[PDB]
Amino acid sequence: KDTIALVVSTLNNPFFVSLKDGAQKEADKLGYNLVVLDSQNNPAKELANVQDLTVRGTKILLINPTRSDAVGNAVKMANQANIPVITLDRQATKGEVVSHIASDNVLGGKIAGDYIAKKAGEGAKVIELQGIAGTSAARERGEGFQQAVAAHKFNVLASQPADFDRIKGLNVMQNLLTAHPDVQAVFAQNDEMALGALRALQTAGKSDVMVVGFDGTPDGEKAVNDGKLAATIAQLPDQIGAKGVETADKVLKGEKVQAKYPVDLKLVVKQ
């Protein structure tokens, strides 16, 4: 069997273990042998991992960077050895990458909007709490949410940035509540902003307003479990790993692949 190499940022966290497990599972399915090197969250260890792989003549490199800005030299070493690079979750600031695989933020915003339409119905009155202006997260999530607005003809009462921060989310929500008391649902572009908004609604005595967050952070999860937050959107690490291998399979075969492959996210509701 041919070998696919995965350099993972770390293995000290469940998210990264799942990524490795999904890669492994897809490797087994497609008949490949998977080499896994743990960078231990250290950029020096990451560089040495790639170097180690280049001396052995690995055919493809799947790399989940420790930090986007730290990985460039490791990527260029792979480029110099003619070893195709595929990045997972975080991009490489520098270096040539054949394909990048990550959670689709546009799809995520759309999912959040589809869920608002599911529970609050077509044409609902909504408020969007946006993230830091200029970030890819705020832009993509807002883009996905706009698709939902167009698909479900939502009445967007307001859309204001709260810069991915809890306190600003609360203040902005409190402000917009005085202006639009008939708001039916809120799409907050991160869990922190969703939690701030929930506090504002709680203080105002409005528990009927359906709030959807994004990230699936422990606190966002907690808000869902406690029955306060309607939903949050979580990344699927196993599938990033899987899509990575699937794309590596195509690259190894000589197929011309896309620069980016979107990975689904899942809705997280109370159980």
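With respect to the chain, whose longest principal axis is taken over its alpha-carbon atoms, helix 237-252 is tilted by about 40°. Dipole magnitude for the chain: computed about the Cα centre from +1 point charges on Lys and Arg Cβ and -1 point charges on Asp and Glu Cβ, it is near 200 debye. Here the chain is scanned for GluC sites (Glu not before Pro) in DSSP loops (not H, G, I, E, B) that have at most 13 other Cβ atoms within 10 Å, and the longest stretch holding none of them is 123-254. In segment 102-175, the C-alpha radius of gyration followed by the widest Cα-Cα span (Dmax) gives 12.1, 35 angstrom.
For segment 170-271, trypsin sites (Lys or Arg not before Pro) are listed when DSSP marks them as loop and at most 10 other Cβ atoms sit within 10 Å of their Cβ; the list is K253, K256.
Ranked by the mean number of other Cβ atoms within 10 Å of their residues, highest first, the peptides 111-121, 146-156, 76-86 come out as 111-121, 76-86, 146-156.
Averaging the Cα positions of each part gives two centres, and for segment 225-270 and segment 1-15 these lie 16 Å apart. When its C-alpha radius of gyration is set against 2.2 N^0.38 Å (N residues), segment 1-139 gives a value of 1.28. Would you mind checking the tilt of helix 105-120 against the longest principal axis of the Cα atoms of the chain, expressed as 0 to 90 degrees and rounded to 10? Once rounded, one gets 30 degrees. Residue pairs exceeding 21 angstrom between C-alpha atoms, taken from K222/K270; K222/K243; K20/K243; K25/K253; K168/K266; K25/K59: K222/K243; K168/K266. For the chain, the Kirkwood estimate of the hydrodynamic radius, built from every pair of different alpha carbons, is 19.7 Å.
Here's the picture: charge each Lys and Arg Cβ at +1 and each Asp and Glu Cβ at -1 in the chain, and of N33, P218, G108 the one pushed furthest to the positive end of that dipole is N33. Enclosing the Cα atoms of segment 187-257 in their convex hull gives a volume equal to 91 cubic angstrom per residue.
Applying D = kT/(6 pi eta Rh) to segment 1-59, where Rh is the Kirkwood radius over alpha-carbon pairs, T corresponds to 10 °C and eta to 1.306 mPa s, the Stokes-Einstein value obtained is 134 µm²/s. Once the Cα atoms are used to define both axes, helix 136-152 deviates from the longest principal axis of the chain by about 60 degrees. Distances between every pair of Cα atoms in segment 232-271, grouped in 10 Å steps from 0 to the bin holding the largest one, split as 27, 41, 21, 9, 2 percent. Taken over the C-alpha atoms, segment 136-271 has Rg and Dmax values of 17.6, 60 angstrom. Dividing the mean sequence gap of close Cα pairs (under 8 Å, 6+ apart) by how many residues the chain holds gives a relative contact order of 20 percent. With a ≥ b ≥ c taken as the square roots of the eigenvalues of the C-alpha gyration tensor of segment 81-134, please select rounded if a/c is under 1.5 and otherwise prolate if a/b is larger than b/c or oblate if it is not? In terms of gyration-tensor shape, prolate.
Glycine also receives a Cβ, built like all others from the backbone with ideal geometry; neighbour counts cover every protein chain displayed. Here, each number is a calculation from the coordinates, and none is a lab measurement.
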